[PDB]
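I have placed the structure first, in the form of structure tokens, so that the comments after it can refer back to it.
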Amino acid sequence: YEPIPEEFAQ
Amino acid sequence: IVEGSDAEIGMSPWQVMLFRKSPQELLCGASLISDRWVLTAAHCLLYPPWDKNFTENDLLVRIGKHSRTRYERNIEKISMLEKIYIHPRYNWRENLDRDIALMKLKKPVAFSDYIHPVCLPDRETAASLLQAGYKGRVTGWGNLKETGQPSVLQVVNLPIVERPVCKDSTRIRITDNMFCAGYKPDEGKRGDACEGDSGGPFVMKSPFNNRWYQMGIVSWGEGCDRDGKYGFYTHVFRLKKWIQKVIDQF
Amino acid sequence: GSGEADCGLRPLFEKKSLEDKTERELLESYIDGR
Ligand SMILES: Cn1c(CNC(=O)c2cccn2C(=O)[C@@H](CC2CCCCC2)NCC(=O)O)ccc1C(=N)N
């Protein structure tokens, strides 16, 4: 899988 | 999905992907029923036998996708869970009875050409469509064979099967809160859901008003697309009252 | 109704009166055939 933006890791 | 095919763009605007934060991986399928709620299978969140027991902060919800692994920038929408609700009488111990769960999204999701909710059935619709022989549609990014997987969302159209035939095909104690689908050995056509498709939607289009209704939830099977075996789905309507209850209260 | 007013109508299909590649297999089965 292609990494997802960290702004959605909370 | 086994023996299915590549879904077309916007074909299943309600299809949701349950995504695990760490490691980042496909967890399950799910469906959008409004802007704040997505419906899925309980075993996706809780399943002691396999030490499965996720919580709100462990997951991410991805809506509007087509591709399985790419971050479809500007198209897909990633959302956080605020609350998970597992049916109180979900039986993971014996036969996965009442395999259903509701997830409350932290922030409402804005609809688009690739993001749109599916209708939940009413007593009449369910009564007219949920009949043996009537075909339904299943979608998911799960495995393509029992034991490489899809690059793009997959879909199959399967017929609902007579309750008696479902029972005589397994030793698992079937209940009223579940139905089965798939072709019979001589019917020539085949296909089934499979690992990775769990929590996904089983839908039908109403010939009366042309809307799509989710009648079932991808739940369990024995192997994938085996002759003589069928996929089992959670009977959405039978649990519709638990669903409504949850939403107005919370 | 028992599903908010706009549910079940896809933007790229029902709303533009376009059908998908296999939806007809479904309807063909909602009465007498299989
Ligand atoms: C829906 N499906 C799945 C996903 N379900 C699941 O993964 C489900 C959750 C936990 C076990 N499960 C299973 O389906 C198990 C059967 C399960 C029934 C209830 C008691 C415990 C066993 N089958 C696995 C196998 O035979 O290989 C795999 C294959 C299908 C299908 N035939 N369409």
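The way I read the labels, and the way they are meant: chains A, B, ... in the order of the structure tokens, residue 1 as the first residue of every chain, and ligand 1 as the first ligand shown, with later ones counted on from there.
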Can you tell me which residues come within 10 Å of ligand 1 when counting only C-alpha atoms and all ligand atoms, ideally as a PDB file with N, CA and C atoms, in the first residue's frame?
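Written output follows (pocket_25.pdb):
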```
ATOM      1  N   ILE B   1     -13.019 -11.012  -3.825  1.00  0.00           N
ATOM      2  CA  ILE B   1     -14.047 -11.513  -4.779  1.00  0.00           C
ATOM      3  C   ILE B   1     -13.451 -12.523  -5.737  1.00  0.00           C
ATOM      4  N   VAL B   2     -14.154 -13.632  -5.935  1.00  0.00           N
ATOM      5  CA  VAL B   2     -13.692 -14.669  -6.840  1.00  0.00           C
ATOM      6  C   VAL B   2     -14.594 -14.747  -8.038  1.00  0.00           C
ATOM      7  N   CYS B  28     -10.974  -4.502   6.087  1.00  0.00           N
ATOM      8  CA  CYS B  28     -12.287  -4.990   5.724  1.00  0.00           C
ATOM      9  C   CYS B  28     -12.970  -4.032   4.807  1.00  0.00           C
ATOM     10  N   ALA B  41     -19.153  -5.419   9.293  1.00  0.00           N
ATOM     11  CA  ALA B  41     -19.283  -6.691  10.005  1.00  0.00           C
ATOM     12  C   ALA B  41     -18.526  -6.648  11.315  1.00  0.00           C
ATOM     13  N   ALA B  42     -19.155  -7.125  12.384  1.00  0.00           N
ATOM     14  CA  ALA B  42     -18.525  -7.132  13.707  1.00  0.00           C
ATOM     15  C   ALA B  42     -17.211  -7.896  13.777  1.00  0.00           C
ATOM     16  N   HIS B  43     -17.135  -9.066  13.143  1.00  0.00           N
ATOM     17  CA  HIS B  43     -15.905  -9.846  13.184  1.00  0.00           C
ATOM     18  C   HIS B  43     -14.701  -9.098  12.657  1.00  0.00           C
ATOM     19  N   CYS B  44     -14.932  -7.955  12.014  1.00  0.00           N
ATOM     20  CA  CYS B  44     -13.841  -7.125  11.492  1.00  0.00           C
ATOM     21  C   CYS B  44     -13.174  -6.399  12.639  1.00  0.00           C
ATOM     22  N   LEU B  46     -14.047  -7.293  16.244  1.00  0.00           N
ATOM     23  CA  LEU B  46     -13.908  -8.184  17.377  1.00  0.00           C
ATOM     24  C   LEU B  46     -14.025  -9.616  16.962  1.00  0.00           C
ATOM     25  N   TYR B  47     -13.014 -10.404  17.318  1.00  0.00           N
ATOM     26  CA  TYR B  47     -12.988 -11.830  17.016  1.00  0.00           C
ATOM     27  C   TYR B  47     -11.910 -12.534  17.804  1.00  0.00           C
ATOM     28  N   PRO B  48     -12.157 -12.740  19.108  1.00  0.00           N
ATOM     29  CA  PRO B  48     -11.262 -13.394  20.071  1.00  0.00           C
ATOM     30  C   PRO B  48     -10.512 -14.591  19.537  1.00  0.00           C
ATOM     31  N   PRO B  49     -11.199 -15.505  18.847  1.00  0.00           N
ATOM     32  CA  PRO B  49     -10.473 -16.667  18.327  1.00  0.00           C
ATOM     33  C   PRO B  49      -9.162 -16.311  17.666  1.00  0.00           C
ATOM     34  N   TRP B  50      -9.120 -15.181  16.969  1.00  0.00           N
ATOM     35  CA  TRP B  50      -7.894 -14.760  16.297  1.00  0.00           C
ATOM     36  C   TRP B  50      -7.226 -13.629  17.002  1.00  0.00           C
ATOM     37  N   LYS B  52      -8.449 -10.848  17.604  1.00  0.00           N
ATOM     38  CA  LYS B  52      -8.823  -9.612  16.937  1.00  0.00           C
ATOM     39  C   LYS B  52      -9.700  -8.783  17.856  1.00  0.00           C
ATOM     40  N   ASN B  91     -22.758 -13.203  18.197  1.00  0.00           N
ATOM     41  CA  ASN B  91     -22.228 -14.490  18.634  1.00  0.00           C
ATOM     42  C   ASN B  91     -20.990 -14.923  17.888  1.00  0.00           C
ATOM     43  N   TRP B  92     -19.826 -14.524  18.388  1.00  0.00           N
ATOM     44  CA  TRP B  92     -18.571 -14.899  17.748  1.00  0.00           C
ATOM     45  C   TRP B  92     -18.172 -16.285  18.175  1.00  0.00           C
ATOM     46  N   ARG B  93     -18.689 -16.714  19.321  1.00  0.00           N
ATOM     47  CA  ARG B  93     -18.382 -18.029  19.866  1.00  0.00           C
ATOM     48  C   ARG B  93     -18.895 -19.221  19.098  1.00  0.00           C
ATOM     49  N   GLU B  94     -20.065 -19.111  18.478  1.00  0.00           N
ATOM     50  CA  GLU B  94     -20.616 -20.268  17.776  1.00  0.00           C
ATOM     51  C   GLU B  94     -20.805 -20.254  16.287  1.00  0.00           C
ATOM     52  N   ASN B  95     -21.541 -19.272  15.776  1.00  0.00           N
ATOM     53  CA  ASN B  95     -21.832 -19.225  14.347  1.00  0.00           C
ATOM     54  C   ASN B  95     -21.862 -17.844  13.740  1.00  0.00           C
ATOM     55  N   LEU B  96     -21.222 -16.878  14.395  1.00  0.00           N
ATOM     56  CA  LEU B  96     -21.182 -15.509  13.885  1.00  0.00           C
ATOM     57  C   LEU B  96     -22.573 -14.920  13.676  1.00  0.00           C
ATOM     58  N   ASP B  97     -23.509 -15.271  14.550  1.00  0.00           N
ATOM     59  CA  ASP B  97     -24.876 -14.765  14.456  1.00  0.00           C
ATOM     60  C   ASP B  97     -24.867 -13.297  14.824  1.00  0.00           C
ATOM     61  N   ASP B  99     -23.749 -10.753  13.059  1.00  0.00           N
ATOM     62  CA  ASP B  99     -22.444 -10.199  12.693  1.00  0.00           C
ATOM     63  C   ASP B  99     -22.588  -8.793  12.124  1.00  0.00           C
ATOM     64  N   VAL B 138     -22.090  -7.919  -4.948  1.00  0.00           N
ATOM     65  CA  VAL B 138     -21.099  -7.833  -3.890  1.00  0.00           C
ATOM     66  C   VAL B 138     -19.838  -7.201  -4.414  1.00  0.00           C
ATOM     67  N   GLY B 142     -10.948  -7.803  -1.602  1.00  0.00           N
ATOM     68  CA  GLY B 142     -10.429  -9.039  -1.045  1.00  0.00           C
ATOM     69  C   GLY B 142      -9.798  -9.979  -2.055  1.00  0.00           C
ATOM     70  N   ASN B 143      -9.337 -11.125  -1.565  1.00  0.00           N
ATOM     71  CA  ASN B 143      -8.690 -12.140  -2.389  1.00  0.00           C
ATOM     72  C   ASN B 143      -9.519 -12.588  -3.563  1.00  0.00           C
ATOM     73  N   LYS B 145      -8.804 -15.668  -5.043  1.00  0.00           N
ATOM     74  CA  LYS B 145      -8.781 -17.125  -4.987  1.00  0.00           C
ATOM     75  C   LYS B 145      -8.733 -17.504  -3.536  1.00  0.00           C
ATOM     76  N   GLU B 146      -9.093 -18.742  -3.218  1.00  0.00           N
ATOM     77  CA  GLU B 146      -9.107 -19.193  -1.828  1.00  0.00           C
ATOM     78  C   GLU B 146      -7.779 -19.066  -1.125  1.00  0.00           C
ATOM     79  N   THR B 147      -6.724 -19.606  -1.725  1.00  0.00           N
ATOM     80  CA  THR B 147      -5.406 -19.515  -1.109  1.00  0.00           C
ATOM     81  C   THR B 147      -4.307 -19.588  -2.144  1.00  0.00           C
ATOM     82  N   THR B 170     -23.686 -27.081   5.244  1.00  0.00           N
ATOM     83  CA  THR B 170     -22.711 -26.801   6.289  1.00  0.00           C
ATOM     84  C   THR B 170     -23.129 -27.387   7.612  1.00  0.00           C
ATOM     85  N   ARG B 171     -22.184 -27.500   8.538  1.00  0.00           N
ATOM     86  CA  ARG B 171     -22.498 -28.027   9.854  1.00  0.00           C
ATOM     87  C   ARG B 171     -22.693 -26.884  10.787  1.00  0.00           C
ATOM     88  N   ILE B 172     -22.462 -25.683  10.275  1.00  0.00           N
ATOM     89  CA  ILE B 172     -22.618 -24.471  11.061  1.00  0.00           C
ATOM     90  C   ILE B 172     -24.084 -24.210  11.233  1.00  0.00           C
ATOM     91  N   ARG B 173     -24.492 -23.971  12.472  1.00  0.00           N
ATOM     92  CA  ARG B 173     -25.888 -23.702  12.794  1.00  0.00           C
ATOM     93  C   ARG B 173     -26.377 -22.385  12.217  1.00  0.00           C
ATOM     94  N   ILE B 174     -27.073 -22.455  11.084  1.00  0.00           N
ATOM     95  CA  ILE B 174     -27.625 -21.274  10.414  1.00  0.00           C
ATOM     96  C   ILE B 174     -28.735 -20.638  11.245  1.00  0.00           C
ATOM     97  N   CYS B 180     -27.924 -16.919   2.504  1.00  0.00           N
ATOM     98  CA  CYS B 180     -26.772 -17.293   1.696  1.00  0.00           C
ATOM     99  C   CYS B 180     -26.982 -17.021   0.220  1.00  0.00           C
ATOM    100  N   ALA B 181     -25.879 -16.855  -0.507  1.00  0.00           N
ATOM    101  CA  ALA B 181     -25.948 -16.581  -1.935  1.00  0.00           C
ATOM    102  C   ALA B 181     -24.854 -17.282  -2.685  1.00  0.00           C
ATOM    103  N   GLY B 182     -25.046 -17.439  -3.989  1.00  0.00           N
ATOM    104  CA  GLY B 182     -24.054 -18.111  -4.805  1.00  0.00           C
ATOM    105  C   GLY B 182     -24.746 -19.036  -5.773  1.00  0.00           C
ATOM    106  N   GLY B 191     -18.568 -17.966  -8.518  1.00  0.00           N
ATOM    107  CA  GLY B 191     -18.185 -16.693  -7.930  1.00  0.00           C
ATOM    108  C   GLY B 191     -18.551 -16.635  -6.455  1.00  0.00           C
ATOM    109  N   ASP B 192     -17.800 -15.852  -5.689  1.00  0.00           N
ATOM    110  CA  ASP B 192     -18.035 -15.761  -4.253  1.00  0.00           C
ATOM    111  C   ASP B 192     -17.238 -14.620  -3.629  1.00  0.00           C
ATOM    112  N   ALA B 193     -17.508 -14.340  -2.359  1.00  0.00           N
ATOM    113  CA  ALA B 193     -16.764 -13.319  -1.645  1.00  0.00           C
ATOM    114  C   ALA B 193     -15.589 -14.098  -1.105  1.00  0.00           C
ATOM    115  N   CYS B 194     -14.701 -13.454  -0.363  1.00  0.00           N
ATOM    116  CA  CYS B 194     -13.555 -14.175   0.162  1.00  0.00           C
ATOM    117  C   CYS B 194     -12.897 -13.340   1.220  1.00  0.00           C
ATOM    118  N   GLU B 195     -11.824 -13.849   1.816  1.00  0.00           N
ATOM    119  CA  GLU B 195     -11.117 -13.099   2.849  1.00  0.00           C
ATOM    120  C   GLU B 195     -10.817 -11.729   2.309  1.00  0.00           C
ATOM    121  N   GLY B 196     -10.934 -10.708   3.153  1.00  0.00           N
ATOM    122  CA  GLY B 196     -10.666  -9.353   2.698  1.00  0.00           C
ATOM    123  C   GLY B 196     -11.903  -8.596   2.237  1.00  0.00           C
ATOM    124  N   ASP B 197     -12.980  -9.318   1.941  1.00  0.00           N
ATOM    125  CA  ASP B 197     -14.236  -8.711   1.504  1.00  0.00           C
ATOM    126  C   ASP B 197     -15.224  -8.492   2.660  1.00  0.00           C
ATOM    127  N   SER B 198     -14.911  -9.048   3.831  1.00  0.00           N
ATOM    128  CA  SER B 198     -15.759  -8.939   5.024  1.00  0.00           C
ATOM    129  C   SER B 198     -16.219  -7.538   5.316  1.00  0.00           C
ATOM    130  N   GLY B 199     -17.460  -7.417   5.778  1.00  0.00           N
ATOM    131  CA  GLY B 199     -18.014  -6.119   6.113  1.00  0.00           C
ATOM    132  C   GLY B 199     -18.536  -5.399   4.887  1.00  0.00           C
ATOM    133  N   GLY B 200     -18.216  -5.944   3.724  1.00  0.00           N
ATOM    134  CA  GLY B 200     -18.670  -5.346   2.490  1.00  0.00           C
ATOM    135  C   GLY B 200     -20.162  -5.477   2.288  1.00  0.00           C
ATOM    136  N   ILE B 217     -24.631  -8.174   4.500  1.00  0.00           N
ATOM    137  CA  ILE B 217     -23.270  -7.825   4.861  1.00  0.00           C
ATOM    138  C   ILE B 217     -22.395  -9.040   4.710  1.00  0.00           C
ATOM    139  N   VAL B 218     -21.295  -8.907   3.974  1.00  0.00           N
ATOM    140  CA  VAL B 218     -20.376 -10.024   3.796  1.00  0.00           C
ATOM    141  C   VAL B 218     -19.942 -10.524   5.180  1.00  0.00           C
ATOM    142  N   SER B 219     -20.280 -11.768   5.499  1.00  0.00           N
ATOM    143  CA  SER B 219     -19.968 -12.344   6.811  1.00  0.00           C
ATOM    144  C   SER B 219     -19.028 -13.549   6.807  1.00  0.00           C
ATOM    145  N   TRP B 220     -19.519 -14.706   6.368  1.00  0.00           N
ATOM    146  CA  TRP B 220     -18.664 -15.883   6.360  1.00  0.00           C
ATOM    147  C   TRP B 220     -18.933 -16.869   5.276  1.00  0.00           C
ATOM    148  N   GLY B 221     -17.993 -17.792   5.149  1.00  0.00           N
ATOM    149  CA  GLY B 221     -18.086 -18.844   4.161  1.00  0.00           C
ATOM    150  C   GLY B 221     -17.116 -19.917   4.598  1.00  0.00           C
ATOM    151  N   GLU B 222     -16.979 -20.961   3.797  1.00  0.00           N
ATOM    152  CA  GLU B 222     -16.058 -22.047   4.105  1.00  0.00           C
ATOM    153  C   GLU B 222     -15.245 -22.199   2.857  1.00  0.00           C
ATOM    154  N   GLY B 223     -14.071 -21.585   2.872  1.00  0.00           N
ATOM    155  CA  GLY B 223     -13.233 -21.604   1.695  1.00  0.00           C
ATOM    156  C   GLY B 223     -13.833 -20.509   0.834  1.00  0.00           C
ATOM    157  N   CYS B 224     -13.468 -20.452  -0.440  1.00  0.00           N
ATOM    158  CA  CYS B 224     -14.018 -19.429  -1.318  1.00  0.00           C
ATOM    159  C   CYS B 224     -14.430 -20.011  -2.638  1.00  0.00           C
ATOM    160  N   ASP B 225     -15.675 -19.773  -3.019  1.00  0.00           N
ATOM    161  CA  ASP B 225     -16.184 -20.263  -4.291  1.00  0.00           C
ATOM    162  C   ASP B 225     -15.968 -21.745  -4.481  1.00  0.00           C
ATOM    163  N   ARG B 226     -16.250 -22.520  -3.440  1.00  0.00           N
ATOM    164  CA  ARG B 226     -16.126 -23.964  -3.542  1.00  0.00           C
ATOM    165  C   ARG B 226     -17.456 -24.456  -4.019  1.00  0.00           C
ATOM    166  N   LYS B 229     -20.736 -25.081  -1.784  1.00  0.00           N
ATOM    167  CA  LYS B 229     -20.704 -24.141  -0.670  1.00  0.00           C
ATOM    168  C   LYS B 229     -21.194 -22.766  -1.072  1.00  0.00           C
ATOM    169  N   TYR B 230     -21.674 -22.001  -0.094  1.00  0.00           N
ATOM    170  CA  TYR B 230     -22.172 -20.663  -0.375  1.00  0.00           C
ATOM    171  C   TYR B 230     -21.694 -19.624   0.602  1.00  0.00           C
ATOM    172  N   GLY B 231     -21.735 -18.369   0.178  1.00  0.00           N
ATOM    173  CA  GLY B 231     -21.332 -17.302   1.069  1.00  0.00           C
ATOM    174  C   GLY B 231     -22.511 -16.940   1.957  1.00  0.00           C
ATOM    175  N   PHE B 232     -22.227 -16.500   3.176  1.00  0.00           N
ATOM    176  CA  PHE B 232     -23.297 -16.120   4.084  1.00  0.00           C
ATOM    177  C   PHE B 232     -23.240 -14.650   4.397  1.00  0.00           C
ATOM    178  N   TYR B 233     -24.417 -14.057   4.535  1.00  0.00           N
ATOM    179  CA  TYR B 233     -24.510 -12.639   4.793  1.00  0.00           C
ATOM    180  C   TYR B 233     -25.439 -12.315   5.911  1.00  0.00           C
TER     181      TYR B 233
END
```
Once you count only C-alpha atoms, which residues of chain B turn out to be within 10 Å of chain C? Could you give them as a tab-separated table (two decimals) with C-alpha atoms, in the first residue's frame?
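Saved to result11.tsv:
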```tsv
chain	number	residue	atom	x	y	z
B	7	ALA	CA	-15.87	-2.38	-10.95
B	8	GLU	CA	-16.34	0.76	-12.98
B	9	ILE	CA	-15.81	4.26	-11.63
B	10	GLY	CA	-18.56	5.39	-9.29
B	11	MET	CA	-20.33	2.02	-9.49
B	12	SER	CA	-20.38	1.58	-5.67
B	13	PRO	CA	-20.28	5.10	-4.16
B	14	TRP	CA	-21.04	3.60	-0.74
B	32	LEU	CA	-21.76	4.40	3.86
B	33	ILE	CA	-25.37	4.79	5.03
B	34	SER	CA	-25.30	8.54	5.79
B	111	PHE	CA	-20.64	13.63	-0.82
B	112	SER	CA	-19.43	13.63	-4.42
B	113	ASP	CA	-19.52	11.69	-7.65
B	114	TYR	CA	-17.58	8.92	-5.91
B	115	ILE	CA	-19.07	9.26	-2.43
B	116	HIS	CA	-22.74	8.60	-1.89
B	117	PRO	CA	-24.73	6.57	0.67
B	118	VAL	CA	-26.76	3.41	0.11
B	119	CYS	CA	-30.30	3.01	1.33
B	120	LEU	CA	-31.25	0.70	4.15
B	121	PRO	CA	-34.25	-1.56	3.45
B	122	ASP	CA	-37.76	-1.27	4.83
B	123	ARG	CA	-40.04	-4.21	5.56
B	128	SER	CA	-40.15	-8.09	-2.28
B	129	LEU	CA	-36.51	-8.55	-3.11
B	130	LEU	CA	-35.15	-11.03	-0.64
B	131	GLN	CA	-36.24	-14.06	-2.63
B	132	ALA	CA	-34.43	-17.20	-3.77
B	133	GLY	CA	-33.21	-16.76	-7.31
B	134	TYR	CA	-33.05	-12.96	-7.16
B	135	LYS	CA	-29.52	-11.73	-7.88
B	136	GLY	CA	-27.56	-9.33	-5.72
B	137	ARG	CA	-24.22	-7.53	-6.00
B	155	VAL	CA	-17.75	-6.93	-8.19
B	156	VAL	CA	-19.95	-9.99	-8.72
B	157	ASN	CA	-23.61	-10.64	-9.13
B	158	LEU	CA	-24.88	-13.64	-7.22
B	159	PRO	CA	-28.26	-15.25	-6.76
B	160	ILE	CA	-29.92	-15.57	-3.36
B	203	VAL	CA	-26.94	-4.80	-2.49
B	204	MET	CA	-29.88	-4.96	-4.83
B	205	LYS	CA	-31.53	-2.42	-7.07
B	206	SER	CA	-35.23	-1.86	-6.55
B	207	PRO	CA	-37.23	-2.26	-9.75
B	209	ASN	CA	-37.98	3.21	-7.45
B	210	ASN	CA	-34.57	2.40	-8.90
B	211	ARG	CA	-32.63	2.82	-5.68
B	212	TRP	CA	-29.88	0.58	-4.41
B	213	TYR	CA	-30.53	-1.14	-1.13
B	214	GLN	CA	-28.06	-2.98	1.05
B	240	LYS	CA	-32.66	-2.76	11.24
B	244	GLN	CA	-32.09	2.82	14.17
```
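For chain A, the residues having at least one atom no farther than 7 Å from chain B, when counting only C-alpha atoms, are residues 1, 2 and 4 of chain A.
In this structure, atom CA of residue B:82 sits 21.1 Å away from atom CA of residue B:65.
The space separating atom CA of residue B:4 from atom CA of residue B:185 comes to 17.0 Å.
The two atoms in question, atom CA of residue B:36 and atom CA of residue B:88, are spaced 21.1 Å apart.
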